[PDB]
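This is entry.cif. It holds mmCIF, C-alpha atoms and all ligand atoms.
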data_coords
#
loop_
_atom_site.group_PDB
_atom_site.id
_atom_site.type_symbol
_atom_site.label_atom_id
_atom_site.label_comp_id
_atom_site.auth_asym_id
_atom_site.auth_seq_id
_atom_site.Cartn_x
_atom_site.Cartn_y
_atom_site.Cartn_z
ATOM 1 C CA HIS A 1 -9.381 4.697 -2.324
ATOM 2 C CA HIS A 2 -5.955 2.950 -2.537
ATOM 3 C CA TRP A 3 -3.732 5.710 -1.172
ATOM 4 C CA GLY A 4 -1.479 5.257 1.798
ATOM 5 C CA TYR A 5 2.020 5.873 3.057
ATOM 6 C CA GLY A 6 3.747 2.896 1.500
ATOM 7 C CA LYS A 7 6.488 2.760 -1.075
ATOM 8 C CA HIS A 8 4.086 3.110 -4.046
ATOM 9 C CA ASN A 9 0.960 4.890 -2.826
ATOM 10 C CA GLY A 10 2.370 7.595 -0.590
ATOM 11 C CA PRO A 11 1.826 11.353 -0.515
ATOM 12 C CA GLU A 12 3.776 12.023 -3.696
ATOM 13 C CA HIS A 13 1.184 9.925 -5.573
ATOM 14 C CA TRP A 14 -1.999 11.320 -4.078
ATOM 15 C CA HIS A 15 -2.450 14.047 -6.690
ATOM 16 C CA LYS A 16 -3.289 11.456 -9.340
ATOM 17 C CA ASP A 17 -6.571 10.581 -7.641
ATOM 18 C CA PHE A 18 -6.966 13.814 -5.699
ATOM 19 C CA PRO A 19 -5.770 16.681 -7.896
ATOM 20 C CA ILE A 20 -6.511 19.223 -5.140
ATOM 21 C CA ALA A 21 -3.274 17.852 -3.638
ATOM 22 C CA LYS A 22 -1.527 20.521 -5.746
ATOM 23 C CA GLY A 23 -4.028 23.194 -4.751
ATOM 24 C CA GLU A 24 -3.654 26.646 -3.275
ATOM 25 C CA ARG A 25 -4.317 25.924 0.388
ATOM 26 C CA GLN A 26 -2.868 22.496 1.131
ATOM 27 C CA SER A 27 -1.650 21.281 4.482
ATOM 28 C CA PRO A 28 0.552 20.709 6.352
ATOM 29 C CA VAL A 29 3.048 23.537 5.990
ATOM 30 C CA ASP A 30 6.309 24.578 7.545
ATOM 31 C CA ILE A 31 5.732 27.284 10.110
ATOM 32 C CA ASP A 32 8.510 29.854 9.726
ATOM 33 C CA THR A 33 8.360 31.335 13.192
ATOM 34 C CA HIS A 34 10.182 34.506 12.175
ATOM 35 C CA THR A 35 7.765 35.239 9.319
ATOM 36 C CA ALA A 36 4.544 34.452 11.207
ATOM 37 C CA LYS A 37 3.161 37.778 12.305
ATOM 38 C CA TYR A 38 1.689 38.443 15.676
ATOM 39 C CA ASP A 39 -1.947 39.378 15.229
ATOM 40 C CA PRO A 40 -3.232 41.258 18.276
ATOM 41 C CA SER A 41 -6.753 40.921 16.842
ATOM 42 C CA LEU A 42 -6.693 37.148 17.470
ATOM 43 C CA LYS A 43 -8.634 36.022 20.521
ATOM 44 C CA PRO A 44 -7.611 33.405 23.048
ATOM 45 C CA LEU A 45 -8.642 29.946 22.017
ATOM 46 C CA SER A 46 -11.660 28.541 23.865
ATOM 47 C CA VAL A 47 -11.385 24.785 24.285
ATOM 48 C CA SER A 48 -14.491 23.503 26.059
ATOM 49 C CA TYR A 49 -14.088 19.770 26.527
ATOM 50 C CA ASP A 50 -15.691 19.371 29.956
ATOM 51 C CA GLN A 51 -18.613 17.366 28.511
ATOM 52 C CA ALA A 52 -16.698 15.480 25.838
ATOM 53 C CA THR A 53 -18.122 11.986 25.296
ATOM 54 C CA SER A 54 -15.740 9.530 23.653
ATOM 55 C CA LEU A 55 -17.301 6.412 22.216
ATOM 56 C CA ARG A 56 -14.896 4.253 20.303
ATOM 57 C CA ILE A 57 -11.399 3.872 18.977
ATOM 58 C CA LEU A 58 -10.923 2.663 15.405
ATOM 59 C CA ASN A 59 -7.922 1.570 13.354
ATOM 60 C CA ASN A 60 -8.909 2.942 9.955
ATOM 61 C CA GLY A 61 -5.832 1.702 8.136
ATOM 62 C CA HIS A 62 -4.037 5.079 8.159
ATOM 63 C CA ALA A 63 -4.232 6.070 11.819
ATOM 64 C CA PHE A 64 -6.417 5.363 14.794
ATOM 65 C CA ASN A 65 -9.338 7.634 15.552
ATOM 66 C CA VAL A 66 -10.824 8.236 18.943
ATOM 67 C CA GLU A 67 -14.393 9.111 18.091
ATOM 68 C CA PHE A 68 -16.747 11.358 20.016
ATOM 69 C CA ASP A 69 -20.466 11.725 20.278
ATOM 70 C CA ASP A 70 -21.018 14.885 18.245
ATOM 71 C CA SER A 71 -24.834 14.672 18.168
ATOM 72 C CA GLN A 72 -25.021 17.757 20.345
ATOM 73 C CA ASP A 73 -22.901 20.670 21.545
ATOM 74 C CA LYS A 74 -20.700 18.947 24.123
ATOM 75 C CA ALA A 75 -17.018 19.354 23.225
ATOM 76 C CA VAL A 76 -16.448 22.548 21.287
ATOM 77 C CA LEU A 77 -13.749 24.798 20.028
ATOM 78 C CA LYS A 78 -14.410 28.510 19.636
ATOM 79 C CA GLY A 79 -12.597 31.805 19.716
ATOM 80 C CA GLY A 80 -9.102 32.189 18.421
ATOM 81 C CA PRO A 81 -9.364 32.829 14.679
ATOM 82 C CA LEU A 82 -12.758 31.162 14.539
ATOM 83 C CA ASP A 83 -16.172 32.609 13.934
ATOM 84 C CA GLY A 84 -18.812 30.392 15.472
ATOM 85 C CA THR A 85 -18.752 27.041 17.155
ATOM 86 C CA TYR A 86 -16.903 23.911 16.127
ATOM 87 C CA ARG A 87 -17.787 20.498 17.511
ATOM 88 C CA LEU A 88 -15.218 17.800 18.270
ATOM 89 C CA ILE A 89 -15.776 14.664 16.194
ATOM 90 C CA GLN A 90 -12.505 12.750 16.568
ATOM 91 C CA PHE A 91 -8.851 12.910 17.270
ATOM 92 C CA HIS A 92 -5.958 10.998 15.815
ATOM 93 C CA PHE A 93 -2.206 11.187 15.506
ATOM 94 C CA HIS A 94 0.503 11.065 12.882
ATOM 95 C CA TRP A 95 3.862 9.630 13.858
ATOM 96 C CA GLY A 96 7.162 8.385 12.621
ATOM 97 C CA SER A 97 9.239 5.259 12.478
ATOM 98 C CA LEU A 98 11.804 7.081 14.671
ATOM 99 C CA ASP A 99 11.561 10.049 17.015
ATOM 100 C CA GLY A 100 13.142 12.439 14.516
ATOM 101 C CA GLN A 101 10.104 12.502 12.261
ATOM 102 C CA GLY A 102 6.382 12.057 12.486
ATOM 103 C CA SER A 103 4.759 15.462 12.618
ATOM 104 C CA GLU A 104 2.964 16.904 9.640
ATOM 105 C CA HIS A 105 3.523 20.542 10.438
ATOM 106 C CA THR A 106 7.107 21.569 11.010
ATOM 107 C CA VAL A 107 8.469 24.522 12.931
ATOM 108 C CA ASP A 108 11.445 26.196 11.245
ATOM 109 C CA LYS A 109 11.860 22.815 9.506
ATOM 110 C CA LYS A 110 11.911 20.910 12.807
ATOM 111 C CA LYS A 111 9.948 17.684 12.717
ATOM 112 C CA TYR A 112 8.427 16.455 15.957
ATOM 113 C CA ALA A 113 7.996 12.777 16.830
ATOM 114 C CA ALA A 114 4.249 12.962 16.293
ATOM 115 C CA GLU A 115 1.327 15.325 15.928
ATOM 116 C CA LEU A 116 -2.131 15.126 17.462
ATOM 117 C CA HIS A 117 -5.079 16.399 15.477
ATOM 118 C CA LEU A 118 -8.338 17.209 17.218
ATOM 119 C CA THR A 119 -10.869 17.580 14.437
ATOM 120 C CA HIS A 120 -13.889 19.841 14.827
ATOM 121 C CA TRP A 121 -16.692 20.791 12.422
ATOM 122 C CA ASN A 122 -18.542 24.080 12.133
ATOM 123 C CA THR A 123 -21.997 23.593 13.532
ATOM 124 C CA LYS A 124 -23.512 26.132 11.158
ATOM 125 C CA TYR A 125 -23.281 23.437 8.446
ATOM 126 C CA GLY A 126 -25.274 20.879 10.430
ATOM 127 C CA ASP A 127 -23.120 17.788 9.812
ATOM 128 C CA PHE A 128 -19.508 16.885 9.175
ATOM 129 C CA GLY A 129 -20.149 15.802 5.608
ATOM 130 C CA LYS A 130 -21.565 19.202 4.724
ATOM 131 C CA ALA A 131 -18.918 21.071 6.705
ATOM 132 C CA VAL A 132 -16.048 19.574 4.712
ATOM 133 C CA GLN A 133 -17.518 21.129 1.574
ATOM 134 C CA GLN A 134 -17.030 24.646 2.994
ATOM 135 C CA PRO A 135 -13.886 26.774 3.252
ATOM 136 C CA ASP A 136 -14.558 27.348 6.960
ATOM 137 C CA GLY A 137 -16.024 23.950 7.656
ATOM 138 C CA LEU A 138 -13.409 22.448 9.964
ATOM 139 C CA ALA A 139 -11.062 23.558 12.661
ATOM 140 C CA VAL A 140 -8.209 21.236 13.479
ATOM 141 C CA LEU A 141 -6.239 21.771 16.637
ATOM 142 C CA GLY A 142 -2.725 20.464 16.096
ATOM 143 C CA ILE A 143 -0.444 19.578 18.959
ATOM 144 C CA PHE A 144 3.135 18.431 18.608
ATOM 145 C CA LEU A 145 4.513 15.488 20.564
ATOM 146 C CA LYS A 146 8.092 15.209 21.651
ATOM 147 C CA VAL A 147 9.639 12.229 23.384
ATOM 148 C CA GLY A 148 10.624 12.659 27.010
ATOM 149 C CA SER A 149 8.490 12.217 30.090
ATOM 150 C CA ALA A 150 5.325 10.168 29.798
ATOM 151 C CA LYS A 151 1.970 11.830 29.236
ATOM 152 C CA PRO A 152 -0.288 10.231 31.852
ATOM 153 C CA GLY A 153 -3.427 11.340 30.006
ATOM 154 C CA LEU A 154 -2.331 9.390 26.936
ATOM 155 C CA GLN A 155 -1.824 6.040 28.624
ATOM 156 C CA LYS A 156 -5.471 4.927 28.316
ATOM 157 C CA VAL A 157 -5.114 5.350 24.578
ATOM 158 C CA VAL A 158 -1.858 3.466 24.332
ATOM 159 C CA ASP A 159 -3.145 0.572 26.449
ATOM 160 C CA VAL A 160 -6.075 -0.108 24.082
ATOM 161 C CA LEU A 161 -3.961 -0.166 20.907
ATOM 162 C CA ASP A 162 -3.175 -3.872 21.210
ATOM 163 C CA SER A 163 -6.915 -4.514 20.750
ATOM 164 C CA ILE A 164 -7.094 -2.567 17.471
ATOM 165 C CA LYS A 165 -3.870 -3.723 15.874
ATOM 166 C CA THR A 166 -5.175 -4.078 12.330
ATOM 167 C CA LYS A 167 -7.273 -2.078 9.897
ATOM 168 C CA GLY A 168 -10.980 -2.217 10.549
ATOM 169 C CA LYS A 169 -10.728 -3.185 14.206
ATOM 170 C CA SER A 170 -12.453 -1.034 16.788
ATOM 171 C CA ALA A 171 -12.969 -1.087 20.506
ATOM 172 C CA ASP A 172 -15.279 0.588 22.921
ATOM 173 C CA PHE A 173 -13.535 3.667 24.301
ATOM 174 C CA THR A 174 -15.784 5.610 26.600
ATOM 175 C CA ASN A 175 -15.061 8.241 29.206
ATOM 176 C CA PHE A 176 -11.746 9.355 27.743
ATOM 177 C CA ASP A 177 -10.952 12.979 28.631
ATOM 178 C CA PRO A 178 -9.108 14.776 25.795
ATOM 179 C CA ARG A 179 -8.182 17.636 28.159
ATOM 180 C CA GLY A 180 -5.418 15.305 29.314
ATOM 181 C CA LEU A 181 -3.701 15.716 25.933
ATOM 182 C CA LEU A 182 -3.364 19.516 25.994
ATOM 183 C CA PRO A 183 -0.172 21.418 26.800
ATOM 184 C CA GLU A 184 -0.115 24.138 29.420
ATOM 185 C CA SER A 185 -0.185 27.071 26.997
ATOM 186 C CA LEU A 186 -2.725 27.625 24.264
ATOM 187 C CA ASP A 187 -0.522 30.006 22.285
ATOM 188 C CA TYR A 188 -0.930 29.135 18.632
ATOM 189 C CA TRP A 189 -0.277 29.754 14.991
ATOM 190 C CA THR A 190 -3.124 29.752 12.515
ATOM 191 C CA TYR A 191 -3.558 29.636 8.771
ATOM 192 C CA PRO A 192 -6.112 28.431 6.225
ATOM 193 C CA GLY A 193 -5.430 24.959 4.888
ATOM 194 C CA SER A 194 -6.685 21.510 4.141
ATOM 195 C CA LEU A 195 -7.196 18.001 5.383
ATOM 196 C CA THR A 196 -3.853 16.186 5.253
ATOM 197 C CA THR A 197 -5.288 12.875 4.080
ATOM 198 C CA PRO A 198 -7.350 12.262 0.960
ATOM 199 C CA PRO A 199 -9.626 13.728 -0.147
ATOM 200 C CA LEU A 200 -7.457 16.673 0.991
ATOM 201 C CA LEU A 201 -10.381 19.073 1.064
ATOM 202 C CA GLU A 202 -9.584 22.747 1.533
ATOM 203 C CA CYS A 203 -11.931 23.257 4.450
ATOM 204 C CA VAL A 204 -9.674 23.614 7.484
ATOM 205 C CA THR A 205 -8.727 26.476 9.717
ATOM 206 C CA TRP A 206 -5.547 25.194 11.292
ATOM 207 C CA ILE A 207 -4.715 26.075 14.854
ATOM 208 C CA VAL A 208 -1.281 24.718 15.745
ATOM 209 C CA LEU A 209 -0.190 25.037 19.357
ATOM 210 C CA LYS A 210 3.325 26.313 19.945
ATOM 211 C CA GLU A 211 3.938 24.192 23.045
ATOM 212 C CA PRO A 212 4.453 20.474 22.436
ATOM 213 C CA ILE A 213 3.338 17.795 24.832
ATOM 214 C CA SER A 214 5.826 15.261 26.090
ATOM 215 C CA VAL A 215 5.205 11.549 25.726
ATOM 216 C CA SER A 216 7.506 8.721 26.637
ATOM 217 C CA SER A 217 9.495 6.605 24.257
ATOM 218 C CA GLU A 218 7.511 3.610 25.447
ATOM 219 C CA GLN A 219 4.238 5.343 24.608
ATOM 220 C CA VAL A 220 5.243 6.150 21.046
ATOM 221 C CA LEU A 221 6.749 2.685 20.605
ATOM 222 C CA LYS A 222 3.270 1.303 21.137
ATOM 223 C CA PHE A 223 1.869 3.528 18.372
ATOM 224 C CA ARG A 224 4.461 1.946 16.112
ATOM 225 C CA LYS A 225 3.197 -1.601 16.796
ATOM 226 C CA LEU A 226 -0.075 -0.851 15.058
ATOM 227 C CA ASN A 227 -0.578 -2.202 11.535
ATOM 228 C CA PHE A 228 -1.738 -0.531 8.325
ATOM 229 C CA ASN A 229 -2.869 -3.953 7.076
ATOM 230 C CA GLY A 230 -5.923 -5.949 7.989
ATOM 231 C CA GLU A 231 -5.975 -9.092 10.115
ATOM 232 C CA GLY A 232 -4.159 -12.039 8.610
ATOM 233 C CA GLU A 233 -2.476 -9.892 5.944
ATOM 234 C CA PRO A 234 1.278 -9.338 5.657
ATOM 235 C CA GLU A 235 2.347 -7.081 8.505
ATOM 236 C CA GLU A 236 3.024 -3.474 7.578
ATOM 237 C CA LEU A 237 3.769 -1.441 10.671
ATOM 238 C CA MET A 238 1.761 1.730 10.961
ATOM 239 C CA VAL A 239 4.623 4.232 10.972
ATOM 240 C CA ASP A 240 5.399 7.377 8.987
ATOM 241 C CA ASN A 241 1.738 8.150 8.412
ATOM 242 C CA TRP A 242 2.470 11.823 7.880
ATOM 243 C CA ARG A 243 2.183 14.020 4.825
ATOM 244 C CA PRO A 244 5.179 16.291 4.269
ATOM 245 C CA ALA A 245 4.978 20.088 4.274
ATOM 246 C CA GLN A 246 3.260 21.613 1.251
ATOM 247 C CA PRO A 247 3.854 24.982 -0.453
ATOM 248 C CA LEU A 248 2.539 27.934 1.515
ATOM 249 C CA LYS A 249 1.643 29.810 -1.656
ATOM 250 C CA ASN A 250 -0.477 32.900 -1.064
ATOM 251 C CA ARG A 251 -0.950 32.405 2.691
ATOM 252 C CA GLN A 252 0.003 34.129 5.889
ATOM 253 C CA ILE A 253 0.543 32.291 9.129
ATOM 254 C CA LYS A 254 -0.568 34.384 12.086
ATOM 255 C CA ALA A 255 0.673 34.059 15.651
ATOM 256 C CA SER A 256 -1.527 34.582 18.698
ATOM 257 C CA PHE A 257 1.465 35.585 20.803
ATOM 258 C CA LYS A 258 4.494 37.891 20.749
HETATM 259 N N1 LIG B 301 -5.228 14.805 9.230
HETATM 260 S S1 LIG B 301 -6.369 15.950 9.293
HETATM 261 O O1 LIG B 301 -6.081 17.032 8.396
HETATM 262 O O2 LIG B 301 -6.619 16.237 10.680
HETATM 263 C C1 LIG B 301 -7.815 15.440 8.663
HETATM 264 N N2 LIG B 301 -7.874 14.712 7.520
HETATM 265 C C2 LIG B 301 -9.134 14.420 7.088
HETATM 266 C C3 LIG B 301 -9.576 13.673 5.998
HETATM 267 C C4 LIG B 301 -10.942 13.539 5.776
HETATM 268 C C5 LIG B 301 -11.872 14.152 6.616
HETATM 269 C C6 LIG B 301 -11.476 14.920 7.717
HETATM 270 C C7 LIG B 301 -10.123 15.070 7.978
HETATM 271 S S2 LIG B 301 -9.382 15.932 9.221
HETATM 272 ZN ZN ZN B 302 -4.407 14.406 10.949
#
Before we go any further, please render this structure as C-alpha cells.
Amino acid sequence: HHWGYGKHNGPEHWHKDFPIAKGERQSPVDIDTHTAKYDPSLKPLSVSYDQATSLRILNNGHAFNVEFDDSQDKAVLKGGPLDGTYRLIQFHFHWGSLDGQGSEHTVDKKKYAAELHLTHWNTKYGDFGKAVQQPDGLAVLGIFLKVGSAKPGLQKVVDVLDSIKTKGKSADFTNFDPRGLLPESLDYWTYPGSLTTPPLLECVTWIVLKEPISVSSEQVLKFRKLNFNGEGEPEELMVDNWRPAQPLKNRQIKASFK
C-alpha cells in the first residue's frame, strides 16, 4: 500500500490499486435529507459501551485509532438496521485542514469539521478479518463534529496525541470511555456502503447520527498537529484525511426519525 491523501496518492488515485473504488456501494455519500425516507420499521439503536475496554492509541499514518479489546462481547452495537451483534474494535476520526471541511459524509452537501467513526464487526463471522469479507460484516457509527464548545470526553484523546505524532507510534490508552463522544440523540440515517479507506471493502452498514457533537477549535487544532509521515521524515501534517462523497447509485438512505 502507497495510497494516502497527498497531492499524488489521494482518493482520486485509489481505484488504480483498489478497483472496487468505483463499485456499486462505495462510501461516503452525500445524505440528501429530503430524499432519505423515514422508515418506521427501523428500531432504536442500541449502543452498549458500559464495559468497553480501550487498550492503545496508534498513529497508523492515515489517522489515529483508539483500539479496544474485542476478544469478548463487551462494547457492542445492535438494533437499528442491524441484525445481530456487532463488537467495537476501534474508533478514529477524519478531519480537515480548516473547519469548513473534514467530514466524509455530507448532509445536503454540508461538510462538517470532522467525523468520528466507531467501527464494529459482526460477531457471527468470528473475527474482523472474516467480517470484512461479508456484505453485512461491519457496522460503522458515524458522528459529525462541529467546532464550538469543547467536548470534555474528547480531551483525554487530544492530550495523548503529542505522544503519537508520527506514523507507527502508539501509546497505552486504557480506561477511555467512548460514551463521552456520543451526542444526545441517536437519531440516524442508514445505508449500505463501504470502508472509506483502502481496501474499500463493501462490507459496511453505515449508521450516521443526525446530531453532531461539538468540539473546540483548540481540540481540532491538536488533531492537525499530527503527522502522516514517520519520525525523522519530512513533516506532512495529518490533515484532510477524508474521502469525498461517492455516487449513491442504486441505494436508498433511510431515516430513523420523522
Ligand atoms: N473509515 S471507515 O470506513 O470507518 C473504515 N475503513 C476501513 C478500512 C479497513 C478496515 C476497516 C475499516 S473501517
Ligand atoms: Zn473512517
Nearest candidate to residue 80 in chain A (options A:187, A:115, A:99, A:172; using only C-alpha atoms):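 Looking at the shortest contact to residue 80 in chain A, the residue is A:187.
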Translate the PyMOL selection byres (((not hetatm)) within 8 of (chain B and resi 301)), as applied to the file shown, into an explicit residue set as a CSV table (one decimal) with C-alpha atoms, keeping the file's coordinate frame.
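In the end it all went to part-v2.csv:
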chain,number,residue,atom,x,y,z
A,27,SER,CA,-1.6,21.3,4.5
A,28,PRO,CA,0.6,20.7,6.4
A,91,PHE,CA,-8.9,12.9,17.3
A,92,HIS,CA,-6.0,11.0,15.8
A,93,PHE,CA,-2.2,11.2,15.5
A,94,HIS,CA,0.5,11.1,12.9
A,117,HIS,CA,-5.1,16.4,15.5
A,118,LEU,CA,-8.3,17.2,17.2
A,119,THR,CA,-10.9,17.6,14.4
A,132,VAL,CA,-16.0,19.6,4.7
A,138,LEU,CA,-13.4,22.4,10.0
A,140,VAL,CA,-8.2,21.2,13.5
A,142,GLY,CA,-2.7,20.5,16.1
A,194,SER,CA,-6.7,21.5,4.1
A,195,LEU,CA,-7.2,18.0,5.4
A,196,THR,CA,-3.9,16.2,5.3
A,197,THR,CA,-5.3,12.9,4.1
A,198,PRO,CA,-7.4,12.3,1.0
A,199,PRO,CA,-9.6,13.7,-0.1
A,200,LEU,CA,-7.5,16.7,1.0
A,201,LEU,CA,-10.4,19.1,1.1
A,204,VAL,CA,-9.7,23.6,7.5
Interatomic distance (Å, one decimal) between CA of residue 159 in chain A and CA of residue 88 in chain A: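 Here the two named atoms are 22.6 Å from each other.
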Among listed residues A:54, A:72, A:250, A:122, nearest residue 86 in chain A (using only C-alpha atoms):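 Going through A:54, A:72, A:250, A:122 one by one, the smallest distance to residue 86 in chain A is for A:122.
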Answer key for the PyMOL selection byres (((chain A and resi 12-18) around 9) and not hetatm), residues as JSON, numbers by chain: {"A": [1, 3, 4, 8, 9, 10, 11, 19, 20, 21, 22, 197, 198, 199, 200, 243]}
Padding of 6 Å on every side, edges along x, y and z, all listed atoms of range 197-206 of chain A included: what centre and edge lengths in Å, to one decimal, does that box have, as AutoDock Vina command-line options?
--center_x -8.6 --center_y 19.4 --center_z 5.6 --size_x 18.6 --size_y 26.2 --size_z 23.4
Target residues per the PyMOL selection byres (((chain A and resi 48) around 9) and not hetatm), formatted as a ChimeraX atom specification: /A:46-47,49-52,74-78,179
Coordinates-based distance that separates CA of residue 154 in chain A from CA of residue 174 in chain A (Å, one decimal):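 Straight-line distance from CA of residue 174 in chain A to CA of residue 154 in chain A works out to 14.0 Å.
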